[PDB]
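Residue-level structural notes
These are the residues of each chain, in order.
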Amino acid sequence: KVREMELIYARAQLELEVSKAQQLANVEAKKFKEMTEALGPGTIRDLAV
Amino acid sequence: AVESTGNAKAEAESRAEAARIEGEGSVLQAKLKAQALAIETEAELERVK
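Summarised in this report is the structure supplied together with it. (Residues numbered from 1 in each chain as written, not as in the entry; some residues may be left out. Chains lettered and ligands numbered in written order. Part of a larger assembly, values for the part shown. Heavy atoms only, no water. Residues with missing side-chain atoms left out of burial classes, pairs and counts.)

What about the overall build of chain B?
On a plain count of helices and strands, chain B comes out with one helix and zero strands. Dimensions of chain B, computed from the C-alpha atoms along their principal axes, are close to 70 × 10 × 5 Å. Here chain B, with 49 residues, has 2% of them falling under the buried criterion. By element, 59% of the accessible surface of chain B is carried by carbon and sulfur atoms, the whole surface being about 4300 Å². On chain B, the mean spot of the 7 positive side-chain charges and the mean spot of the 10 negative ones are 5 Å from each other. (Helix = DSSP H or I, 4+ residues; strand = E, 2+ residues; numbered from the N terminus. Buried < 20%, exposed > 50% of the residue type's maximum accessible area, 1.4 Å probe, protein only. Areas by Shrake-Rupley, 256 points an atom, 1.4 Å probe, with all protein chains shown as cover. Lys, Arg positive; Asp, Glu negative; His and termini not counted. Charge placed at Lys NZ, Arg CZ, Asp CG, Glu CD.)

What follows is the structure, encoded as C-alpha cells:
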C-alpha cells in the first residue's frame, strides 16, 4: 500500500514537474524568439561577422 | 545409565517444552503485532495521502 500510494503520488508530482518545466521552457523559448525577431535575424550574423 | 540419561532427557525435554510455548506465544504476539502494524499504517496512510 505504501509503495503504491508513493508510486501514484510521485507520478503526480513528476508529471506536474515536467509540466511546469515545459511551461517555463515555453515562455523562455517564446521570449527568446520575440527578442531575436525584435532585434533582426541577420543583424546577429553581422555581430558574429 | 537410566538415572543420568533420564535426568538429562527430562532436562532437555523441559527446555524444548518451554521453547515451544514461548514459540507459539511468539506466534500469537506476531499476529497481534501484525494487526497493530496493519491498522496503524492504514490509518496513517490516510494522513499521508
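Now that the structure has been shown, the text picks up again.
So, the overall build of chain A
If you tally the helices and strands in chain A, you get two helices and zero strands. Viewed in the frame of its principal axes, chain A has a C-alpha envelope of about 60 × 20 × 5 Å.

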